[PDB]
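Read the structure below first, then the notes.
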Amino acid sequence: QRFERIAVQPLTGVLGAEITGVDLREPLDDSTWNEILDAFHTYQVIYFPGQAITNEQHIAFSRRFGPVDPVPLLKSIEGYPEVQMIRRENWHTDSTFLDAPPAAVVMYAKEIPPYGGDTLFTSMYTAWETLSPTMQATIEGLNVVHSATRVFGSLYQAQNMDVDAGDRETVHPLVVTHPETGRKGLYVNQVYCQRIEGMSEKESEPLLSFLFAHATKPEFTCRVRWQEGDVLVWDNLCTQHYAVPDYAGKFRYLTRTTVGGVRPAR
Amino acid sequence: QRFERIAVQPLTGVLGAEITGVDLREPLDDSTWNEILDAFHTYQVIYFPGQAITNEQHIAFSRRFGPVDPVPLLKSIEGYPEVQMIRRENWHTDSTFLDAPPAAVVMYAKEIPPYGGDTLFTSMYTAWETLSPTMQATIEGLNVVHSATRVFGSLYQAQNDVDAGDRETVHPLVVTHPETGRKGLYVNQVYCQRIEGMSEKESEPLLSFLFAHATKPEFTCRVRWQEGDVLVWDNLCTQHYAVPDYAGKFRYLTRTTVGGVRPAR
Amino acid sequence: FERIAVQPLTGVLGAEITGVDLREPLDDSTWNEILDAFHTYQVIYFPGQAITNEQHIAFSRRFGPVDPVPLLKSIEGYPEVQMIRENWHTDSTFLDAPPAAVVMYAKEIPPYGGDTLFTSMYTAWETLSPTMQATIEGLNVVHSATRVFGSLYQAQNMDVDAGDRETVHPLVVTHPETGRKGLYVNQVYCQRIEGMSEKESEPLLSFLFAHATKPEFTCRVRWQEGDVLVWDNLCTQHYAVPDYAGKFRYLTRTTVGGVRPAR
Amino acid sequence: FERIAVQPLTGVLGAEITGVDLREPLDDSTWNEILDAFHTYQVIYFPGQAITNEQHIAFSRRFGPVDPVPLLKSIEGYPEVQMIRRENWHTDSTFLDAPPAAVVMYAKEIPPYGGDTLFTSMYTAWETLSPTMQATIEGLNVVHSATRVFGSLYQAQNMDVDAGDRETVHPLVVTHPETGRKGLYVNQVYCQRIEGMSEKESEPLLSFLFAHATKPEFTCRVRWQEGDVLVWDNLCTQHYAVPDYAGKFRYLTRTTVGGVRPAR
């Protein structure tokens, strides 16, 4: 459908859009914001090239999507605790080991190399919608146990307060309904998902592995090639991403805010 | 669980029993047969050593378990069409590509080498019972598509009749035994192609898990054949694996097939 | 690069090349830079071109012989130019002598959808440990078209005997121009490792398929009308994304020859 | 075989040996036949024995040195005799540089059924790989460690630990120090990765090898009886003690015989 206040160029037939004709330094009238949000909900990952915003403006824009909150586990900028920094992998979405993972993240590209460092995204809506009705009926009711044990718990510690938070488990549905759109998507990721609730690891592995692979098929993905000035927003519920490491040695600087969400619900 | 008419020695803690104190040349009184059948239903694969029976007696004994019928795609003995031969692998149970696979089979060892040629069996009841309640609730409702396409259909043809080999049937993933009422897993690697309504790629993880789980050594027994062993297996609640190892040694067994009904949930 | 502008697409492979009009024939020093860029970046494209079938052919001929591929559609009056109207693979590895390269011309595109991915099989190989490299170095692989148009494809319900015909290629190939070792394996045509069984081959091949298509070794080309694109058929694989269903897409294509893949 | 009776269990491995009383010491020609049988059949057992701890030890010593294994229970007054009382395919303690060459196990108390032990022939496992697959893995070494059994990985499923984490390296294919026969040397409990490869690289290959080596056709199954004395080669077999008895009392004793570091 038509967008009168913004220009929306989809990136692929499945997800992602470039949005122009907006200056994120200016606060946004109701009808313009509504179109941004409409675009966010359809395309799931959106970016706005050529922006030149400050830390306060970044914050302010992020706040139109939901509460923003300093995330500990990241560095965070001098004088602006809400803005985390990224500088110098596996498919995942952010922090699903929490009861209430982030709803979204807004990332600002400050310094980029001429090439390298692309970020991939998939649509977990499309992931779910491409399973057969029988497969959907089969896993619809399952919950999954998430935990950070491989990232900074005891499994990571194996290798060759900090640990107990890494080992702490939470439970989320295998399929979640988006709190704004009402659309079902697959909610599973390879970094944090440990097993299916009430099953053993050996029972869970076949199914989870299938789901990990299925959800990252190239046809469900888009690729964002970063440019200085890109402000990018991803839905943390209905996408996964993969920040490509390839640049090796080239300096890359982005800032990032995290917008909060509610418990994932079926 | 005392047996007054027969001697029942379980082979393992999970399945299989040797049964002695019976002569299968003699027809069997009601109370003795009932004990045999009681033992068949608990132990799932049973054998009777030291028998010396004829083709008619074999047939007759088989008929106490259910109808017996010549199986086409057979060798079959001269003058006795119901008795198939076995002479000179993967875990499976017999002919699940049929709408109505056999209920059981009774095998008679006529000539054996001194060692080699053991046959393994697993309990699909125990296979099912060892899955978690969540895994059971998850697959309970699924059906599986069976077909002979890898054995004598078009897929077999690719490795360098066909339409009967490719013909598909559908069975539940979990079946209730028609006599005992016990649920067992009903899946095998030779005939099961995919889960009904799913794609191959969707089915593969789950089926593979189920194939491996059902053949764990702890659910198995091993029968070491002796000339004169008469053996009966339930074709619904077990799978077996005839070990090829003898290479070159002559082995001769006869076999009857007892019919069954459509597998039901 | 004095005669052309080369913008790499990623840190690993792919370049946009501008400042050239492919209607004009190319002096020696300019061609040499194109070819230098082709060999480093492995898949290159030139936006904004407006060329005819003869010019396309001519440009393709600078990379090597071009020859009608009789297995494919082919344009009216121009037998060398095939028309185009999924899994990771490279082209036709079931031949003893697969193409060295392909030059593809985008004539009609939808506004979005239909991207094509590429990976570097050089980088795929270079990221295996020295022990894993020493282990598979010596292996050959059996390729055949049996899953695409042989008897296996036929299952599922001469064309067939050519589909079933097997050839053998090394698992690691040295590029005949660059001298660089790359991995040479693909999921569509590779059937088993030579002298092994399928069951023996499966673990190893599967690992290699997955490893070679890691996002970090890939680039993604988003087609535009007028793009002329050249890929090395030896040291890359590609994946034409289906995501457009019903949108009309028209590209032409020439196929350039090369030598039998060699260790 | 003039001095003993040898009944093979399967066409591939295992033999029952009768016509010997292990309380009596053994003349040269008889022992030689036992040892000949051990080397061909790889796991051998002698039913109906009634031996003491000293006799057990003595018999074990004919196969090689026997030595107390610390980190197992060990009997009162007889440090060489470990006890087994109340799973995955493996062979014993391959995390050592020098794992045992063999083990001699004595069944003292058994339930009437349950508790069978499986064995496979790693010779046959190796011999059934294609020549190309053999040439491909011939040169590889494997890293072994006890980290999943009693090291840090085991610890994660909530000194002991540093010995559990200690790694050693063994060939993937070993030549038996007495028979000269090549067998596969890989097991799922202790083998962690292939030397110089990553875990992700190693997994396909190791997994294939685990499965291949335990095919029923390479296996035998020993159904224990009170009085069985059983000897397995720890280099050229793996075993799997079936748990199927829960609560039935099972008592066996065990001695461990030394050998040489596994070599190509």
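Chain labels A, B, ... are given in the sequence in which chains occur in the structure tokens; within each chain residues are numbered consecutively from 1, and ligands are likewise numbered from 1 in the order shown.
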
Can you tell me which residues surround stretch 39-49 of chain C at a distance of at most 8 Å, considering only C-alpha atoms, apart from same-chain residues fewer than 2 positions away, and format the answer as a ChimeraX atom specification? /C:8,12-18,20-22,35-37,51,118,120,177-178,224-232,235-236

Selection from above, N, CA and C atoms, as a short mmCIF file (atom, residue, chain, number, x, y, z; two decimals), in the first residue's frame, can you write it?
```
data_model
loop_
_atom_site.label_atom_id
_atom_site.label_comp_id
_atom_site.auth_asym_id
_atom_site.auth_seq_id
_atom_site.Cartn_x
_atom_site.Cartn_y
_atom_site.Cartn_z
N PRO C 8 35.22 -2.91 -4.95
CA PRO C 8 34.88 -4.21 -4.35
C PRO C 8 33.58 -4.17 -3.62
N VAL C 12 35.78 -10.02 0.56
CA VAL C 12 36.17 -11.34 0.11
C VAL C 12 36.04 -11.53 -1.38
N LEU C 13 34.96 -11.10 -2.01
CA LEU C 13 34.85 -11.26 -3.45
C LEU C 13 33.81 -10.32 -4.03
N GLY C 14 33.90 -10.14 -5.35
CA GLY C 14 32.94 -9.31 -6.07
C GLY C 14 33.44 -7.90 -6.29
N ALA C 15 33.30 -7.40 -7.50
CA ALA C 15 33.55 -5.97 -7.77
C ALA C 15 32.65 -5.40 -8.81
N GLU C 16 32.23 -4.16 -8.58
CA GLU C 16 31.59 -3.33 -9.60
C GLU C 16 32.69 -2.66 -10.40
N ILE C 17 32.54 -2.68 -11.71
CA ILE C 17 33.49 -2.03 -12.61
C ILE C 17 32.79 -1.02 -13.49
N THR C 18 33.22 0.24 -13.37
CA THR C 18 32.69 1.33 -14.18
C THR C 18 33.80 1.98 -14.97
N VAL C 20 33.79 2.07 -18.33
CA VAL C 20 34.01 1.27 -19.55
C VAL C 20 32.70 1.15 -20.31
N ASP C 21 32.78 1.23 -21.62
CA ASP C 21 31.66 1.06 -22.50
C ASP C 21 31.97 -0.20 -23.31
N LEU C 22 31.23 -1.26 -23.02
CA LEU C 22 31.45 -2.56 -23.66
C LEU C 22 30.99 -2.64 -25.13
N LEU C 35 40.82 -8.12 -16.66
CA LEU C 35 41.17 -9.49 -16.46
C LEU C 35 41.87 -9.64 -15.11
N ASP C 36 42.73 -8.68 -14.79
CA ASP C 36 43.35 -8.59 -13.48
C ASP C 36 42.23 -8.54 -12.39
N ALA C 37 41.24 -7.69 -12.59
CA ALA C 37 40.10 -7.58 -11.67
C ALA C 37 39.24 -8.86 -11.58
N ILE C 51 24.43 -3.22 -24.78
CA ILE C 51 25.17 -3.95 -25.81
C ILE C 51 24.21 -4.82 -26.60
N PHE C 118 27.08 -15.40 -4.57
CA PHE C 118 28.31 -16.07 -5.02
C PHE C 118 29.17 -16.35 -3.79
N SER C 120 33.36 -17.54 -2.73
CA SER C 120 34.72 -17.85 -3.08
C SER C 120 35.18 -19.21 -2.56
N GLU C 177 44.79 -19.97 -14.51
CA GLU C 177 45.37 -18.64 -14.70
C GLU C 177 45.99 -18.10 -13.41
N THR C 178 45.31 -18.17 -12.27
CA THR C 178 45.83 -17.58 -11.04
C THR C 178 46.81 -18.47 -10.28
N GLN C 224 20.54 -5.17 -11.94
CA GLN C 224 19.92 -3.98 -12.57
C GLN C 224 19.98 -4.21 -14.07
N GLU C 225 18.93 -3.77 -14.75
CA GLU C 225 18.89 -3.78 -16.22
C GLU C 225 20.16 -3.11 -16.68
N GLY C 226 20.84 -3.78 -17.57
CA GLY C 226 22.10 -3.26 -18.11
C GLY C 226 23.35 -3.81 -17.46
N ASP C 227 23.25 -4.55 -16.35
CA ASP C 227 24.41 -5.16 -15.75
C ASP C 227 24.92 -6.25 -16.70
N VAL C 228 26.21 -6.18 -17.03
CA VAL C 228 26.93 -7.31 -17.63
C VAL C 228 27.76 -7.89 -16.51
N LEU C 229 27.60 -9.19 -16.23
CA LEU C 229 28.28 -9.85 -15.12
C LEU C 229 29.06 -11.08 -15.59
N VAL C 230 30.26 -11.20 -15.09
CA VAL C 230 31.12 -12.34 -15.38
C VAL C 230 31.49 -13.07 -14.08
N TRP C 231 31.19 -14.37 -14.01
CA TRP C 231 31.70 -15.20 -12.89
C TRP C 231 32.69 -16.26 -13.32
N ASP C 232 33.72 -16.49 -12.50
CA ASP C 232 34.59 -17.65 -12.69
C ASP C 232 33.83 -18.93 -12.32
N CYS C 235 36.23 -21.23 -9.50
CA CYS C 235 36.53 -20.81 -8.15
C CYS C 235 35.37 -20.13 -7.47
N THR C 236 34.17 -20.12 -8.06
CA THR C 236 32.96 -19.74 -7.34
C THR C 236 31.84 -20.75 -7.47
#
```

Considering only C-alpha atoms, extract the chain A residues located within 7 Å of chain D and return them as a short mmCIF file (atom, residue, chain, number, x, y, z; two decimals) with C-alpha atoms, in the first residue's frame.
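Output (out34.cif):
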```cif
data_model
loop_
_atom_site.label_atom_id
_atom_site.label_comp_id
_atom_site.auth_asym_id
_atom_site.auth_seq_id
_atom_site.Cartn_x
_atom_site.Cartn_y
_atom_site.Cartn_z
CA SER A 154 29.72 -23.01 32.05
CA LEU A 155 29.84 -24.49 28.52
CA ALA A 158 34.78 -25.34 29.32
#
```

Which residue gives the smallest distance to residue A:168 among A:96, A:219, A:184, A:124, with only C-alpha atoms counted?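 Closest residue, counting only C-alpha atoms: A:96.
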
List every residue of stretch 22-143 of chain D that DSSP, applied to the backbone of this structure, places in alpha helix (DSSP H), and write the result as a PyMOL selection string. chain D and resi 28-41+53-61+122-127+131-137

Which residue gives the smallest distance to chain B among C:31, C:156, C:93, C:115, with only C-alpha atoms counted?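 Between C:31, C:156, C:93, C:115, the residue approaching chain B most closely is C:156.
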
With chain C as the partner and 12 Å as the cut-off, tabulate the residues of chain B that qualify, each row holding the nearest pair of atoms and their distance in Å to one decimal, using only C-alpha atoms, sorted by chain and rising number, as a Markdown table.
```
| residue | atom | partner | partner_atom | distance |
| --- | --- | --- | --- | --- |
| B:149 | CA | C:155 | CA | 9.7 |
| B:150 | CA | C:155 | CA | 11.0 |
| B:153 | CA | C:155 | CA | 9.3 |
| B:154 | CA | C:155 | CA | 5.8 |
| B:155 | CA | C:155 | CA | 6.5 |
| B:156 | CA | C:155 | CA | 9.9 |
| B:157 | CA | C:151 | CA | 8.7 |
| B:158 | CA | C:151 | CA | 6.0 |
| B:159 | CA | C:152 | CA | 9.0 |
| B:160 | CA | C:151 | CA | 9.8 |
| B:162 | CA | C:155 | CA | 10.9 |
| B:163 | CA | C:157 | CA | 10.8 |
| B:166 | CA | C:157 | CA | 9.4 |
| B:167 | CA | C:157 | CA | 11.2 |
| B:200 | CA | C:156 | CA | 11.7 |
```

Using only C-alpha atoms, select each residue of chain C with any atom at most 10 Å away from an atom of chain D, and give the selection as a PyMOL selection string. chain C and resi 128-139+193-197+199-208+211

Please find the residues of chain D near chain B - the criterion being any atom within 8 Å, counting only C-alpha atoms - and write them as a list in words. residues 8, 9, 10, 11, 12, 113, 114, 115, 116, 216, 217, 218, 221, 242, 243, 244 and 245 of chain D

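The shortest atom-to-atom distance to chain C, with only C-alpha atoms taken into account, belongs to A:115 out of A:115, A:65, A:156, A:33.
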
Could the residues of chain C that have an atom at most 6 Å from chain A be listed as a tab-separated table, each with its closest atom pair and the distance in Å to one decimal, counting only C-alpha atoms and ordered by chain and ascending residue number?
```
residue	atom	partner	partner_atom	distance
C:9	CA	A:115	CA	6.0
C:10	CA	A:116	CA	4.6
C:11	CA	A:116	CA	4.6
C:112	CA	A:12	CA	5.6
C:113	CA	A:12	CA	4.9
C:216	CA	A:244	CA	5.4
C:241	CA	A:219	CA	5.6
C:243	CA	A:13	CA	5.7
```

Measure the distance from atom CA of residue C:248 to atom CA of residue A:131 in Å and round it to one decimal. 26.5 Å

Within 10 Å of chain B, which residues belong to chain A? Use only C-alpha atoms and report them as a count of residues only. 28

Write out as a PyMOL selection string all residues of stretch 10-256 of chain D that backbone DSSP assigns to strand (DSSP E or B). chain D and resi 15-18+43-46+66+75+78+82-85+90+102-109+117-121+141-145+167-171+173-175+182-184+191-194+219-222+229-233+237-241+251-256

Determine, counting only C-alpha atoms, which protein, DNA and RNA residues have an atom within 8 Å of an atom of residue B:82; residues of the same chain fewer than 5 positions away are not included. Present the result as a ChimeraX atom specification. /B:59,68-71,76-77,256-257

Do you know which residues are at most 10 Å from residue B:26 counting only C-alpha atoms, after dropping those on the same chain fewer than 5 positions away, and could you put them as a PyMOL selection string? chain B and resi 53+57+61
